[PDB]
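Engineer: Heads up: the sequence shown begins at 1 in the deposited numbering, then just goes up one per residue.
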Amino acid sequence: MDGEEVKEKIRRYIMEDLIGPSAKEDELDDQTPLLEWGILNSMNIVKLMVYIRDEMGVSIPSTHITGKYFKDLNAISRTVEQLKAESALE
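1) If you run the structure through DSSP and keep just helix, strand and coil, what is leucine 35?
2) Between the Cα of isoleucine 10 and the Cα atoms of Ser22, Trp37, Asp54, which residue gives the shortest distance?
3) Below 8 Å on the Cβ atoms is my contact criterion, and I expect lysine 7 with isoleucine 76 to pass it. Report the Cβ-Cβ distance as a whole number of Å.
4) Pull up the distance between the alpha-carbon of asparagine 41 and that of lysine 71, whole angstroms please.
5) On a CA-only basis, which of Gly3, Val80, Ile14 is nearest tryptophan 37? Give me that one, please.
6) Could you check if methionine 56 is buried or exposed, using at least 16 other CB atoms within 10 Å of its CB as the buried criterion?
7) Please list, in chain order, all residues of the same chain as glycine 3 whose beta carbon is under 6 Å from its beta carbon, the five residues on each side excluded.
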């Protein structure tokens with residue numbers, strides 16, 4: 001329930017673990033097309049799914065995994081806060 005704290009955590013983990021070479025100081029931006037970079041697919045996306053799960057405390061269901069939310073980092077976080085609300089009542 002912040003947006004920014006969630007985003008900066010995730011985006012930087014994409015730079016640390018996921019990518020490697022194409023992950024300079026400002027390669028991964030706030031609005032970067034993550035799917036057009038093709039960095040997010042079933043192999044990679046699960047390391048994010050567990051990252052948000054532990055760090056943000058948000059259980060992302062497998063049925064939630066669709067392009068619109070994993071499209072850019074704002075779309076990532078906005079839906080994390082929705083799923084955070086779901087997990088808050090659950």
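Just so you know, even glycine gets a beta-carbon here, dropped at the ideal spot from N, CA and C.
Structural biologist: In short, the structure shows the following:
1) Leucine 35 falls in the coil class under three-state DSSP.
2) For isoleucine 10, the nearest C-alpha among the options comes from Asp54.
3) Right, the Cβ-Cβ distance comes to about 7 Å (below 8 Å), so this counts as a contact.
4) Their Cα atoms are separated by approximately 11 Å.
5) Relative to the Cα of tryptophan 37, the nearest Cα in the group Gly3, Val80, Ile14 belongs to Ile14.
6) Result: buried.
7) The residues are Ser77.
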